[PDB]
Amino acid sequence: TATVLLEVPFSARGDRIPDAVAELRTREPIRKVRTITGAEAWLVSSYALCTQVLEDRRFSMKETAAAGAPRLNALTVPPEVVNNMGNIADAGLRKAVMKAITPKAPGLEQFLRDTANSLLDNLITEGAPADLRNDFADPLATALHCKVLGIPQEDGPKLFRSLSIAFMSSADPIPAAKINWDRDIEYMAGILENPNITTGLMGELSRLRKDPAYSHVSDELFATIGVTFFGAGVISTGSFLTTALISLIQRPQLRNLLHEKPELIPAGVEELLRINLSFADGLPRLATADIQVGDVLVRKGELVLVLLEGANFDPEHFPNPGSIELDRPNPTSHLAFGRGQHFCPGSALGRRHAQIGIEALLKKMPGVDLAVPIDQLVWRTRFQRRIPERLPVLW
């Protein structure tokens, strides 16, 4: 009997990789799929072909936003925002933005530790079960990014609540996304004019905005940087830490090891990054030329989806890919942060967020365990991240 073209994404579950991924990688590591919009795309699932695509700018991020292109999903932002990093670079702002979002600012790591410990103390006081997503990982991400941006902690929750819509992976445009986007842009425009905001990313952007060397950079770009980096950083660190905590809880031997030897936590987090399923969709690129990828000649104008867990569970690059092994020879060579032109600018901050969050959790609740059977986690659908709606634990 006839079947439709293979549809992506395969599963919204972030606690297991579908067997279909390895079968695809082995039989057809670049293969045609249908996205939720109905568009066809090339799904790339081997490490070698994923890196090839991400390292060839002729597979363009920016052009995925072009009118009439085959789409993975509907834009939730103005099309120029897809090229936000490119616009930042063209405005002469890349170095300043990068420096503002490193975890090395004085007191930043102590802020993370203090915040994590305070959130955990509150959970211990409230008593089990505790929701490690809504009452730990996401508030820690939100507090971190208010600090990094230089904006008041009390503004975090409202900005955060845009994100369950802003990072939707939808077949169609989302009216609420524009409502929240325009509102959050207005907020950050006000931040740039707010004399109290003198630290962090927005403090620096506010200064550069009045510097004659940036007098022709648009106010829209300055505001957009704030919304984009808050949203990307918070959704990415919150979702990654949440699904990392699941992987850690499901490995009590690793939890005990990292609890007893915290110096191993960075290597543990690198492996948790490698096996992380937080990205719900392949990374999209639009071909701007005819390009050979494996056995397929990708044609100009076609959509390519780089499946991160395809690369990161590829046994030809990461032997025994499903196992967390702290002594791999190539531990940071995973694609959790992408690769090439669009490699994540917040990679160092995301690493520190997770390392400190896990260190604090293991000290405060060494006996942490799921409080529900793992299958009972509710996996958010049609979203750019895989996350459980609640993460109930006991300890």
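Counting begins at 1, following the sequence as shown.
- On average the C-alpha atoms of 15 to 23 have higher B-factors than those of the other stretch, with 379 to 387 and 15 to 23 being the two compared.
- Comparing 33 to 41 with 338 to 346, the stretch with the higher mean C-alpha B-factor in the PDB entry is 338 to 346.
- Per the PDB record, 127 has a higher Cα B-factor than any other of 233, 127, 301, 139.
- Highest C-alpha temperature factor among 108, 72, 205, 273 per the entry: 108.
- Per-chain ranking of the deposited C-alpha B factor places residue 4 in the highest third.
- Remark: residue 172 belongs to the lowest third of its chain, ranked by C-alpha B-factor as recorded.
- Looking at the C-alpha B-factors along this chain, the one for residue 283 belongs to the lowest third.
- Compared with the other modelled residues of the chain, the Cα B-factor recorded for residue 325 ranks in the highest third.
- Sort the chain's modelled residues by C-alpha temperature factor and residue 365 lands in the highest third, per the entry.
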